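Reading the structure
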2 protein chains.
Amino acid sequence: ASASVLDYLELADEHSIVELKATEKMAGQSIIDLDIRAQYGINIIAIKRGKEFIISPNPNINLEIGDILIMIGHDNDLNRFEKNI
Amino acid sequence: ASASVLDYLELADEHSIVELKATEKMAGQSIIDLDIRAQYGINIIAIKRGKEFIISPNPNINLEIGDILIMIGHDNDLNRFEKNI
Ligand SMILES: Nc1ncnc2c1ncn2[C@@H]1O[C@@H]2COP(=O)(O)O[C@H]3[C@@H](O)[C@H](n4cnc5c(N)ncnc54)O[C@@H]3COP(=O)(O)O[C@H]2[C@H]1O
């Protein structure tokens, strides 16, 4: 629980973790609908909805407009996902 | 806002990031064999291989001995997965 935190900090400092806002194209759909990791190689860590923090989001729930997705992956993969929306 | 993830976990008393070392029971299996998120609601952010981090792990690779799964989810879900191993 203390080594677990330090590995996260080390991991956040060698791979980039990014905030990304949900577009209209993507609202109404779930992250299993978009099939993100199979399509981009990206992992979605959490969702900020309004002032609520959804950790380990259920992949079957509907994404709303303005949802801020917290992502981890290579910049080459994050950039493609950001452009495809 | 990679700390926003870490900040939530510190104040949250029911959610937590936990490391779990792969056992022979679990080695030889993939995380899609175990179907971890679909079965427990747990998200695996990365795998520690040696002292290196495999981010957004490919769910089809076999887990090797000594692999450290870095997991994030509800304490009851994490605890249930751990007890089944
Ligand atoms: N890092 C991980 N941690 C825990 N379990 C993992 C995992 N990678 C794979 N799995 C497990 O393997 C199943 C299929 O993974 P896949 O990545 O190919 O295909 C996934 C993926 O493309 C997408 N997805 C789901 N949750 C995601 C997320 N947090 N980030 C990105 N994509 C996700 O929806 C598909 C099916 O998701 P589902 O949860 O139903 O089922 C997942 C999940 O049970």
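**Comments concerning the side chain of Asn43(B)**
Here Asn43(B) shows up in strand β2 (residues 43-49). Side-chain polar atoms of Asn43(B) contact the side chain of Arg37(B), separated by 2.9 Å. In contact with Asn43(B), other than residues within four places in its own chain, are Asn43(A), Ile44(A), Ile45(A), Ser56(A), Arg37(B), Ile70(B), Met71(B) and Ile72(B).

**Things to note about the sheet that holds strand β4 (residues 68-73) of chain A**
Residue and element names in this part refer to chain A. Across the sheet, which stays open at both edges, the four strands sit in the order β1-β4-β2-β3 with antiparallel pairing between neighbours. With partners counted over all chains shown, the strands left at the sheet margins are β1 (16-21) and β3 (52-55), one partner each. Strand-to-strand twist in this sheet, taken as the mean axis angle between neighbours without regard to direction, amounts to 25 degrees.

**Re unusual backbone geometry**
The backbone of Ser56(A) shows a phi angle near 40 degrees, a positive value even though the residue is not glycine. Residue position: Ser56(A) is located in the loop between β3 and β4.

**Looking at the site of the ligand**
Taken together, 20 residues sit near the ligand, with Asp35(A), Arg37(A), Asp35(B), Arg37(B) and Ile44(B) positioned nearest. Around the ligand, the nearby residues trace back to chains A and B. Here an oxygen atom of the ligand and a backbone polar atom of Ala38(A) are 3.2 Å apart. Measuring from an oxygen atom of the ligand, one finds a side-chain N or O atom of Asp35(B) at 2.9 Å. Look at the ligand: alone it shows 720 Å² of surface, and the protein chains cover 91% of it.

**Digging into the interface of chain A and chain B**
Taken residue by residue, the interface counts 27 residues in chain A and 29 residues in chain B. Counting each side, the surface lost to burial between chain A and chain B is near 2300 Å², with a carbon and sulfur contribution of 65%. The largest per-residue losses of area from chain A upon contact with chain B belong to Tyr8(A), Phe53(A) and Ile55(A), which jointly make up 25% of the total buried on that side. One salt bridge in this structure joins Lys48(B) and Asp7(A), with 3.6 Å as the shortest N-O distance. Counting the contacts that link chain A with chain B gives seven residue pairs in polar contact. Secondary-structure elements contributing two or more residues to the side of chain A that touches chain B are α1 (3-12), β1, β2 (43-49), β3 and β4 of chain A. In terms of residue count, α1(A) provides more of the side of chain A that touches chain B than any other element does, nine residues in total.

**Re the nonpolar core**
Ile55(A) and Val5(B) are the most contacted members of the largest nonpolar core, which has 21 residues in total. Here this core gets four residues from one element, more than from any other, and that element is helix α1 (residues 3-11) of chain B. Residues within four places of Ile55(A) in sequence aside, it is in contact with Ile45(A), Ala46(A), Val5(B), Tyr8(B), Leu9(B), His15(B) and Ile72(B).

Procedures and definitions
- Residues numbered from 1 in each chain as written, not as in the entry; some residues may be left out.
- Chains lettered and ligands numbered in written order.
- Heavy atoms only, no water.
- Helix = DSSP H or I, 4+ residues; strand = E, 2+ residues; numbered from the N terminus.
- Polar contact = N/O pair within 3.5 Å; in protein donor to acceptor, adjacent residues only side chain to side chain.
- Contact = heavy atoms within 4.5 Å.
- Pairing = 2+ DSSP bridges.
- Axes fitted to C-alpha atoms, helices over the stretch in contact; angles between N-to-C directions.
- Near = heavy atom within 4 Å.
- Areas by Shrake-Rupley, 256 points an atom, 1.4 Å probe, with all protein chains shown as cover.
- Buried area = accessible area lost by both parts, 1.4 Å probe.
- Salt bridge = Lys/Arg side-chain N within 4 Å of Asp/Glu carboxyl O.
- Core = buried A, V, L, I, M, F, W, Y, C linked by side-chain atoms within 4.5 Å.
- Buried < 20%, exposed > 50% of the residue type's maximum accessible area, 1.4 Å probe, protein only.

Note that every value here comes from positions in space, so none of it alone points to a role or purpose.
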